[PDB]
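Listing of protein-v5.csv, CSV, C-alpha atoms
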chain,number,residue,atom,x,y,z
O,11,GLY,CA,0.0,0.0,0.0
O,12,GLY,CA,1.2,3.5,-0.9
O,13,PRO,CA,2.6,4.3,-4.4
O,14,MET,CA,6.3,3.7,-4.8
O,15,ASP,CA,8.6,5.3,-7.5
O,16,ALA,CA,8.6,3.5,-10.8
O,17,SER,CA,9.9,4.1,-14.2
O,18,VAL,CA,9.7,3.4,-17.9
O,19,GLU,CA,12.6,1.1,-17.4
O,20,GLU,CA,10.0,-1.4,-16.2
O,21,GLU,CA,7.8,-3.7,-18.3
O,22,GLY,CA,4.6,-3.1,-16.5
O,23,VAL,CA,5.1,0.7,-16.6
O,24,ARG,CA,5.9,0.9,-20.3
O,25,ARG,CA,2.9,-1.3,-21.0
O,26,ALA,CA,0.7,0.8,-18.8
O,27,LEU,CA,1.9,4.0,-20.5
O,28,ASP,CA,1.3,2.6,-24.0
O,29,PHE,CA,-2.1,1.4,-23.0
O,30,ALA,CA,-3.0,4.8,-21.4
O,31,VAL,CA,-1.8,6.8,-24.5
O,32,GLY,CA,-3.7,4.3,-26.8
O,33,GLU,CA,-6.9,4.9,-24.8
O,34,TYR,CA,-6.4,8.6,-24.7
O,35,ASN,CA,-6.0,8.8,-28.5
O,36,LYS,CA,-9.0,6.4,-28.8
O,37,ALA,CA,-11.3,8.7,-26.8
O,38,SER,CA,-10.3,12.0,-28.2
O,39,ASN,CA,-12.1,13.8,-31.0
O,40,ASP,CA,-8.7,14.9,-32.5
O,41,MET,CA,-7.9,13.6,-36.0
O,42,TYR,CA,-4.2,13.8,-35.0
O,43,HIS,CA,-2.4,11.1,-33.0
O,44,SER,CA,-0.9,12.4,-29.7
O,45,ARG,CA,2.3,10.8,-28.2
O,46,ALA,CA,4.3,10.8,-25.1
O,47,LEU,CA,6.9,13.6,-25.0
O,48,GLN,CA,8.1,12.8,-21.5
O,49,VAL,CA,7.0,10.9,-18.3
O,50,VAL,CA,7.1,13.5,-15.6
O,51,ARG,CA,6.3,11.1,-12.8
O,52,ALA,CA,5.6,7.4,-12.4
O,53,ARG,CA,4.5,5.4,-9.4
O,54,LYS,CA,3.1,1.9,-8.8
O,55,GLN,CA,1.2,0.4,-6.0
O,56,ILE,CA,0.0,-3.1,-5.3
O,57,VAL,CA,-3.6,-3.0,-4.2
O,58,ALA,CA,-6.2,-5.4,-2.9
O,59,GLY,CA,-9.9,-5.1,-2.5
O,60,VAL,CA,-13.1,-7.2,-2.0
O,61,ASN,CA,-15.8,-7.2,-4.7
O,62,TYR,CA,-19.3,-7.7,-3.5
O,63,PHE,CA,-21.7,-8.9,-6.2
O,64,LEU,CA,-25.3,-8.2,-5.1
O,65,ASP,CA,-28.5,-9.1,-7.0
O,66,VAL,CA,-31.2,-7.2,-5.2
O,67,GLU,CA,-34.9,-6.4,-5.6
O,68,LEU,CA,-35.6,-2.8,-4.7
O,69,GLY,CA,-39.0,-1.4,-3.7
O,70,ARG,CA,-40.2,2.2,-3.8
O,71,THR,CA,-41.0,3.4,-0.3
O,72,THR,CA,-43.6,6.0,0.8
O,73,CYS,CA,-41.0,8.2,2.4
O,74,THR,CA,-39.6,11.1,0.5
O,75,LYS,CA,-35.8,11.7,0.5
O,76,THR,CA,-36.2,14.7,2.8
O,77,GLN,CA,-37.3,12.6,5.8
O,78,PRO,CA,-36.1,10.4,8.7
O,79,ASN,CA,-36.3,6.6,9.4
O,80,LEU,CA,-35.9,5.5,5.8
O,81,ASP,CA,-34.4,2.1,6.6
O,82,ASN,CA,-37.7,0.6,7.8
O,83,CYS,CA,-40.1,2.9,5.8
O,84,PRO,CA,-43.1,1.1,4.3
O,85,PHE,CA,-43.2,0.2,0.6
O,86,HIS,CA,-45.9,1.8,-1.5
O,87,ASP,CA,-49.1,-0.1,-1.7
O,88,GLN,CA,-51.2,1.8,-4.3
O,89,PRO,CA,-51.4,0.6,-7.9
O,90,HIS,CA,-49.6,3.4,-9.8
O,91,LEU,CA,-47.2,4.4,-7.0
O,92,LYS,CA,-45.7,0.9,-6.5
O,93,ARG,CA,-42.4,0.5,-8.3
O,94,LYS,CA,-40.1,-2.5,-8.0
O,95,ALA,CA,-36.8,-3.1,-9.7
O,96,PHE,CA,-34.3,-6.0,-9.9
O,97,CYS,CA,-30.7,-4.6,-9.6
O,98,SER,CA,-27.2,-5.9,-9.9
O,99,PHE,CA,-24.6,-4.0,-7.9
O,100,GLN,CA,-20.8,-4.6,-7.8
O,101,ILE,CA,-19.2,-2.8,-4.9
O,102,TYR,CA,-15.4,-2.6,-4.7
O,103,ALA,CA,-14.4,-2.4,-1.0
O,104,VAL,CA,-11.0,-1.5,0.2
O,105,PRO,CA,-11.2,-2.3,4.0
O,106,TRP,CA,-7.7,-1.1,4.5
O,107,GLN,CA,-8.8,2.5,3.6
O,108,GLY,CA,-12.5,2.2,4.7
O,109,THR,CA,-13.9,3.0,1.3
O,110,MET,CA,-16.4,1.5,-1.1
O,111,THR,CA,-16.9,2.3,-4.8
O,112,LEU,CA,-19.9,1.2,-6.9
O,113,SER,CA,-18.2,-0.3,-10.0
O,114,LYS,CA,-21.3,-1.5,-11.7
O,115,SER,CA,-25.1,-1.0,-11.4
O,116,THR,CA,-27.9,-2.0,-13.8
O,117,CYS,CA,-31.5,-2.3,-13.0
O,118,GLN,CA,-34.5,-3.8,-14.8
O,119,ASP,CA,-38.2,-3.4,-13.8
O,120,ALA,CA,-39.8,-6.2,-11.8
F,11,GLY,CA,-11.4,-19.8,-8.4
F,12,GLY,CA,-14.4,-17.4,-9.1
F,13,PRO,CA,-16.4,-15.4,-6.6
F,14,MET,CA,-17.5,-17.3,-3.5
F,15,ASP,CA,-20.9,-17.2,-1.8
F,16,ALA,CA,-21.9,-14.7,0.8
F,17,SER,CA,-25.0,-13.6,2.5
F,18,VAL,CA,-26.8,-10.6,4.0
F,19,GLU,CA,-26.1,-12.4,7.2
F,20,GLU,CA,-22.6,-10.9,6.7
F,21,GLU,CA,-21.3,-7.5,7.9
F,22,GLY,CA,-19.3,-6.6,4.7
F,23,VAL,CA,-22.3,-7.4,2.6
F,24,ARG,CA,-24.8,-5.4,4.5
F,25,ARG,CA,-22.5,-2.4,4.4
F,26,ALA,CA,-21.9,-2.8,0.7
F,27,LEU,CA,-25.7,-3.1,0.1
F,28,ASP,CA,-26.4,-0.1,2.2
F,29,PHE,CA,-23.8,1.8,0.2
F,30,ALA,CA,-25.2,0.6,-3.2
F,31,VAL,CA,-28.8,1.5,-2.3
F,32,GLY,CA,-27.6,4.9,-1.0
F,33,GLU,CA,-25.9,5.5,-4.3
F,34,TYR,CA,-28.9,4.2,-6.2
F,35,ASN,CA,-31.1,6.7,-4.3
F,36,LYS,CA,-28.9,9.7,-4.8
F,37,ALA,CA,-28.6,9.1,-8.5
F,38,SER,CA,-32.3,8.6,-9.2
F,39,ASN,CA,-34.8,11.3,-10.2
F,40,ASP,CA,-37.5,9.9,-7.9
F,41,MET,CA,-38.7,12.0,-5.0
F,42,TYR,CA,-39.3,8.8,-3.0
F,43,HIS,CA,-36.7,6.7,-1.3
F,44,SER,CA,-36.1,3.1,-2.4
F,45,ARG,CA,-34.8,0.3,-0.3
F,46,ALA,CA,-34.0,-3.4,-0.5
F,47,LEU,CA,-37.0,-5.7,-0.6
F,48,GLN,CA,-34.9,-8.9,-1.0
F,49,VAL,CA,-31.3,-9.8,-1.8
F,50,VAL,CA,-31.6,-12.6,-4.3
F,51,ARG,CA,-27.9,-13.5,-4.9
F,52,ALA,CA,-24.8,-12.4,-3.0
F,53,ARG,CA,-21.2,-13.3,-3.9
F,54,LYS,CA,-17.8,-12.0,-2.9
F,55,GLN,CA,-14.3,-12.2,-4.2
F,56,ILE,CA,-10.9,-10.9,-3.0
F,57,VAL,CA,-8.9,-9.4,-5.8
F,58,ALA,CA,-5.4,-8.0,-6.2
F,59,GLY,CA,-3.8,-5.9,-8.8
F,60,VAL,CA,-1.3,-3.1,-9.4
F,61,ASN,CA,-2.1,0.6,-9.9
F,62,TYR,CA,0.2,2.5,-12.2
F,63,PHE,CA,0.1,6.3,-11.7
F,64,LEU,CA,1.6,8.2,-14.7
F,65,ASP,CA,2.0,11.9,-15.1
F,66,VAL,CA,2.7,12.3,-18.8
F,67,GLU,CA,3.3,15.1,-21.2
F,68,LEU,CA,1.7,14.4,-24.6
F,69,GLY,CA,2.3,16.4,-27.7
F,70,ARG,CA,0.0,16.5,-30.7
F,71,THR,CA,1.7,15.0,-33.8
F,72,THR,CA,1.1,15.6,-37.5
F,73,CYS,CA,0.1,11.9,-38.0
F,74,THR,CA,-3.6,11.1,-38.3
F,75,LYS,CA,-5.2,8.3,-36.4
F,76,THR,CA,-5.4,6.5,-39.8
F,77,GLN,CA,-1.7,6.2,-40.3
F,78,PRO,CA,1.2,3.7,-40.4
F,79,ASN,CA,4.0,4.3,-37.9
F,80,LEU,CA,1.1,5.3,-35.7
F,81,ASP,CA,2.9,6.7,-32.6
F,82,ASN,CA,6.3,7.9,-34.0
F,83,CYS,CA,6.3,10.9,-36.3
F,84,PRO,CA,6.6,14.8,-36.4
F,85,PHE,CA,5.0,17.1,-33.7
F,86,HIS,CA,3.0,20.0,-35.1
F,87,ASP,CA,5.3,23.1,-35.5
F,88,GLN,CA,2.3,25.1,-36.7
F,89,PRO,CA,1.6,28.1,-34.5
F,90,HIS,CA,-2.1,27.4,-33.9
F,91,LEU,CA,-2.1,23.6,-34.5
F,92,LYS,CA,0.5,22.8,-31.8
F,93,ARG,CA,-0.7,21.4,-28.5
F,94,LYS,CA,0.9,19.9,-25.5
F,95,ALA,CA,-1.0,18.4,-22.6
F,96,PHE,CA,0.0,17.3,-19.1
F,97,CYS,CA,-2.0,14.2,-18.3
F,98,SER,CA,-2.5,12.0,-15.2
F,99,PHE,CA,-3.4,8.5,-15.9
F,100,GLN,CA,-4.2,5.8,-13.4
F,101,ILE,CA,-4.0,2.3,-14.9
F,102,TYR,CA,-5.3,-0.7,-12.9
F,103,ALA,CA,-3.6,-3.8,-14.0
F,104,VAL,CA,-4.1,-7.5,-13.2
F,105,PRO,CA,-0.9,-9.1,-14.5
F,106,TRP,CA,-1.9,-12.7,-13.9
F,107,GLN,CA,-5.1,-12.0,-15.9
F,108,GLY,CA,-3.2,-9.9,-18.5
F,109,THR,CA,-5.6,-7.0,-18.3
F,110,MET,CA,-5.5,-3.2,-18.0
F,111,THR,CA,-8.2,-0.7,-17.4
F,112,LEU,CA,-8.0,3.1,-17.3
F,113,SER,CA,-9.5,4.2,-14.0
F,114,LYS,CA,-8.7,7.8,-14.1
F,115,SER,CA,-7.6,10.2,-16.8
F,116,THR,CA,-7.3,14.0,-16.7
F,117,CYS,CA,-5.4,16.4,-18.8
F,118,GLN,CA,-4.6,20.1,-18.6
F,119,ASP,CA,-3.4,21.7,-21.8
F,120,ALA,CA,-0.2,23.5,-22.6

Reformat the file's structure so that it appears as structure tokens.
Amino acid sequence: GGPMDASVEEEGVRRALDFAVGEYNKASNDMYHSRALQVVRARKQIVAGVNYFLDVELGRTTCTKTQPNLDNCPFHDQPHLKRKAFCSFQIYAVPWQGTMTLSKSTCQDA
Amino acid sequence: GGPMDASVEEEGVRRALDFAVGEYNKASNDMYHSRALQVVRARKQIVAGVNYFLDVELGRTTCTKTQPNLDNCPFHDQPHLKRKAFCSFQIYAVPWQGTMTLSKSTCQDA
């Protein structure tokens, strides 16, 4: 944990750089190819995380976002207010740093 | 070797779920709060990789995207065509899976 100095002298780094430049040129609206003039700084860090893959049915509750006690709030009962959705969430957790990132989320109606 | 089973009956999972739902709620255009009705499938996987952090100066070349010798040819010496950019790329690599993904990418022109 914690980025250490690295350089273009290393395989992984040169490959990462060429990949990065390739993606940059791929995403740009420029008709011209851009290329690396110089690497001003390079660092590398081994990281680990835990992916949680959750398939979850969500229900619409009767509570608005502006109010308390949402975690046990009743689900809508009335015909046109009821909304349900089946969702797939991928959460990338890094317990060492106390963070979570939502890597993927798609939802389809019930 | 794939993701292993997990369940809501687990602390990491509940936290990841709460995070996912929270992110789902803040991103939606619904005035009502949504919450989990049922987790239908829960899996988890520990993963490792290497982050490469590269601060790179790119210069606009006179070669088009549609050209041979695609990364190595003249830089624009034309007064209003010339462009240099200082970019910060974060590449997440999984060497034992031979993959790379561009997680972050930002540039500030010169």

Shell of 9 Å around residue 51 of chain F, all atoms listed in the file, local chain residues under 5 positions omitted, as an MDAnalysis selection string:
(chainID O and resid 63:66) or (chainID F and resid 15:17)

When all Cα positions are paired in order and chain O is fitted onto chain F, what RMSD is left, to one decimal?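 1.0 Å is the C-alpha RMSD between the two chains.
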
Open item on the list: Could you list, as a PyMOL selection string, every residue within 12 Å of residue 67 of chain F, counting only C-alpha atoms and ignoring same-chain residues fewer than 3 positions away?
Closed with: (chain O and resi 27+31+44-52) or (chain F and resi 64+70+93-99+116-120)

Original post:
Can you list, as a list in words, every protein, DNA or RNA residue that comes within 12 Å of residue 77 of chain F when you count all atoms listed in the file, leaving out same-chain residues fewer than 4 positions away?
Top reply: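 What passes the distance filter is residues 41, 42 and 43 of chain O; 71, 72, 73, 81, 82 and 83 of chain F.
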
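Using all atoms listed in the file for every distance, the candidate list O:53, O:74, O:59, O:36 yields O:59 as the residue closest to residue 108 of chain O.
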
Quiz item: What is the atom CA of residue 79 of chain F to atom CA of residue 105 of chain F distance in Å?
Solution: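 Computing it gives 27.4 Å between the two atoms.
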
key: Non-local contacts of residue 54 of chain F (6 Å; only C-alpha atoms; under 4 positions in same chain excluded) as a VMD selection string   = (chain O and resid 61 to 63) or (chain F and resid 13 to 14)

What does the file look like for those residues with C-alpha atoms, as a PDB file, keeping the file's coordinate frame?
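What landed in part-v6.pdb:
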ATOM      1  CA  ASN O  61     -15.800  -7.200  -4.700  1.00  0.00           C
ATOM      2  CA  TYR O  62     -19.300  -7.700  -3.500  1.00  0.00           C
ATOM      3  CA  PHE O  63     -21.700  -8.900  -6.200  1.00  0.00           C
TER       4      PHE O  63
ATOM      5  CA  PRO F  13     -16.400 -15.400  -6.600  1.00  0.00           C
ATOM      6  CA  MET F  14     -17.500 -17.300  -3.500  1.00  0.00           C
TER       7      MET F  14
END

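Atom CA of residue 12 of chain O to atom CA of residue 33 of chain F spans 27.4 Å [interatomic distance, one decimal].
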
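In this model, the gap between atom CA of residue 28 of chain O and atom CA of residue 104 of chain O comes to 27.5 Å.
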
The residue from F:34, F:102, F:85, F:29 with the smallest atom-to-atom distance to residue 58 of chain O, counting all atoms listed in the file, is F:102

Edge lengths and centre in Å to one decimal, as lines of an AutoDock Vina configuration file, is what I'm after for the box along x, y and z that holds all listed atoms of segment 68-71 of chain O once 5 Å is added on each side.
center_x = -38.3
center_y = 0.3
center_z = -2.5
size_x = 15.4
size_y = 16.2
size_z = 14.4

Exercise. Might you pull out every residue within 6 Å of residue 103 of chain F, with all atoms listed in the file counted and same-chain residues fewer than 5 positions away left off, and present them as a PyMOL selection string?
Key: chain F and resi 59-60+109-110

The residue from F:11, F:69, F:32, F:78 with the smallest atom-to-atom distance to chain O, counting only C-alpha atoms, is F:69

When distances are computed from only C-alpha atoms, which of F:25, F:20, F:35, F:68 shows the smallest separation from chain O?
->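 Among the listed residues, the smallest separation from chain O belongs to F:68.
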
Check your understanding: For chain F, which of O:113, O:55, O:100, O:107 is the closest residue, counting only C-alpha atoms?
Key ->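 Among the listed residues, O:55 lies closest to chain F.
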
Fill-in result for segment 52-68 of chain F, N, CA and C atoms as a PDB file, keeping the file's coordinate frame:
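Output saved as part38.pdb:
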ATOM      1  N   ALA F  52     -25.929 -13.147  -3.572  1.00  0.00           N
ATOM      2  CA  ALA F  52     -24.800 -12.400  -3.000  1.00  0.00           C
ATOM      3  C   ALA F  52     -23.520 -13.245  -3.098  1.00  0.00           C
ATOM      4  N   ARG F  53     -22.514 -12.663  -3.735  1.00  0.00           N
ATOM      5  CA  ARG F  53     -21.200 -13.300  -3.900  1.00  0.00           C
ATOM      6  C   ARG F  53     -20.140 -12.258  -3.548  1.00  0.00           C
ATOM      7  N   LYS F  54     -18.958 -12.786  -3.235  1.00  0.00           N
ATOM      8  CA  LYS F  54     -17.800 -12.000  -2.900  1.00  0.00           C
ATOM      9  C   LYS F  54     -16.541 -12.617  -3.352  1.00  0.00           C
ATOM     10  N   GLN F  55     -15.535 -11.787  -3.591  1.00  0.00           N
ATOM     11  CA  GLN F  55     -14.300 -12.200  -4.200  1.00  0.00           C
ATOM     12  C   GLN F  55     -13.170 -11.251  -3.746  1.00  0.00           C
ATOM     13  N   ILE F  56     -12.035 -11.756  -3.294  1.00  0.00           N
ATOM     14  CA  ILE F  56     -10.900 -10.900  -3.000  1.00  0.00           C
ATOM     15  C   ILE F  56     -10.100 -10.787  -4.202  1.00  0.00           C
ATOM     16  N   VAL F  57      -9.655  -9.596  -4.587  1.00  0.00           N
ATOM     17  CA  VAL F  57      -8.900  -9.400  -5.800  1.00  0.00           C
ATOM     18  C   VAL F  57      -7.659  -8.567  -5.542  1.00  0.00           C
ATOM     19  N   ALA F  58      -6.618  -8.777  -6.329  1.00  0.00           N
ATOM     20  CA  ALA F  58      -5.400  -8.000  -6.200  1.00  0.00           C
ATOM     21  C   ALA F  58      -4.935  -7.518  -7.557  1.00  0.00           C
ATOM     22  N   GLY F  59      -4.227  -6.421  -7.566  1.00  0.00           N
ATOM     23  CA  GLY F  59      -3.800  -5.900  -8.800  1.00  0.00           C
ATOM     24  C   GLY F  59      -2.733  -4.823  -8.543  1.00  0.00           C
ATOM     25  N   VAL F  60      -2.337  -4.106  -9.575  1.00  0.00           N
ATOM     26  CA  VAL F  60      -1.300  -3.100  -9.400  1.00  0.00           C
ATOM     27  C   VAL F  60      -1.850  -1.819 -10.045  1.00  0.00           C
ATOM     28  N   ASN F  61      -1.747  -0.718  -9.317  1.00  0.00           N
ATOM     29  CA  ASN F  61      -2.100   0.600  -9.900  1.00  0.00           C
ATOM     30  C   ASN F  61      -0.803   1.242 -10.410  1.00  0.00           C
ATOM     31  N   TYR F  62      -0.843   1.725 -11.642  1.00  0.00           N
ATOM     32  CA  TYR F  62       0.200   2.500 -12.200  1.00  0.00           C
ATOM     33  C   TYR F  62      -0.291   3.989 -12.279  1.00  0.00           C
ATOM     34  N   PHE F  63       0.411   4.921 -11.636  1.00  0.00           N
ATOM     35  CA  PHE F  63       0.100   6.300 -11.700  1.00  0.00           C
ATOM     36  C   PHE F  63       1.134   7.055 -12.561  1.00  0.00           C
ATOM     37  N   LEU F  64       0.708   7.553 -13.703  1.00  0.00           N
ATOM     38  CA  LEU F  64       1.600   8.200 -14.700  1.00  0.00           C
ATOM     39  C   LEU F  64       1.198   9.610 -14.960  1.00  0.00           C
ATOM     40  N   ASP F  65       2.118  10.524 -14.695  1.00  0.00           N
ATOM     41  CA  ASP F  65       2.000  11.900 -15.100  1.00  0.00           C
ATOM     42  C   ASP F  65       2.847  12.041 -16.357  1.00  0.00           C
ATOM     43  N   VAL F  66       2.190  12.349 -17.469  1.00  0.00           N
ATOM     44  CA  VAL F  66       2.700  12.300 -18.800  1.00  0.00           C
ATOM     45  C   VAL F  66       2.464  13.541 -19.610  1.00  0.00           C
ATOM     46  N   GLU F  67       3.480  14.021 -20.307  1.00  0.00           N
ATOM     47  CA  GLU F  67       3.300  15.100 -21.200  1.00  0.00           C
ATOM     48  C   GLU F  67       3.130  14.552 -22.617  1.00  0.00           C
ATOM     49  N   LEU F  68       1.994  14.847 -23.224  1.00  0.00           N
ATOM     50  CA  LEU F  68       1.700  14.400 -24.600  1.00  0.00           C
ATOM     51  C   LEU F  68       1.774  15.588 -25.509  1.00  0.00           C
TER      52      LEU F  68
END
